[PDB]
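Following: one structure in structure tokens, then a few remarks.
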Number of protein chains: 2
Amino acid sequence: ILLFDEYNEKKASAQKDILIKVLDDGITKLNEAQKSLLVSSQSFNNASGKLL
Amino acid sequence: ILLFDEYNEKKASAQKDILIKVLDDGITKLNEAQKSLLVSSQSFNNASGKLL
């Protein structure tokens with residue numbers, strides 16, 4: 001947001017590559033977080049039955 | 001001067017090529033003009049002598 005107040009022609013190609021990696025990365029990391037959590041939730045299910 | 005008040009990323013490559021051609025071109029054209037003129041000047045020289 002800062003380096004491209006006014007278009008920076010030289011860093012332009014990197015900034016793009018960067019925006020991609022960091023975004024792409026978090027996107028994956030974020031996803032796995034969710035799956036990890038969902039699976040944890042599923043864990044209690046069996047026990048929850050045995051309880052009843 | 002106009003189209004690049006603020007850098008125009010798309011036309012950037014053309015503008016460059018253009019600036020080159022038009023400049024390169026006139027540079028040649030301008031040169032030949034001079035030579036043409038210089039030679040014209042040289043023309044009178046022989047006659048100028050015969051006169052004297």
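Starting from 1 in every chain, residues are counted up; chains themselves are A, B, ... following the order of the structure tokens, and ligands are numbered from 1 as listed.
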Notebook entry, point to check: Can you list, as a ChimeraX atom specification, every residue of chain A that DSSP puts in helix (DSSP H, G or I)?
Noted result: /A:12-51
Next item on the list: Return as an NGL selection string the residues belonging to chain B that are within 9 Å of chain A, counting only C-alpha atoms.
Entry: :B and (6-9)
For the residues in that selection, give me N, CA and C atoms as a PDB file, in the first residue's frame.
ATOM      1  N   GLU B   6       1.106  10.701 -14.536  1.00  0.00           N
ATOM      2  CA  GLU B   6       1.266   9.563 -13.652  1.00  0.00           C
ATOM      3  C   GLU B   6       1.571   8.366 -14.542  1.00  0.00           C
ATOM      4  N   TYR B   7       2.563   7.577 -14.143  1.00  0.00           N
ATOM      5  CA  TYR B   7       3.074   6.492 -14.972  1.00  0.00           C
ATOM      6  C   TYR B   7       1.969   5.610 -15.515  1.00  0.00           C
ATOM      7  N   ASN B   8       1.954   5.417 -16.830  1.00  0.00           N
ATOM      8  CA  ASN B   8       0.955   4.560 -17.468  1.00  0.00           C
ATOM      9  C   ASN B   8       1.565   3.204 -17.785  1.00  0.00           C
ATOM     10  N   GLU B   9       1.263   2.208 -16.953  1.00  0.00           N
ATOM     11  CA  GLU B   9       2.004   0.947 -16.979  1.00  0.00           C
ATOM     12  C   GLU B   9       1.875   0.183 -18.287  1.00  0.00           C
TER      13      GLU B   9
END
Next item on the list: In Å, rounded to a single decimal, give me how far CA of residue 47 (chain A) is from CA of residue 31 (chain A).
Entry: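 About the pair CA of residue 31 (chain A) and CA of residue 47 (chain A): they are 26.5 Å apart.
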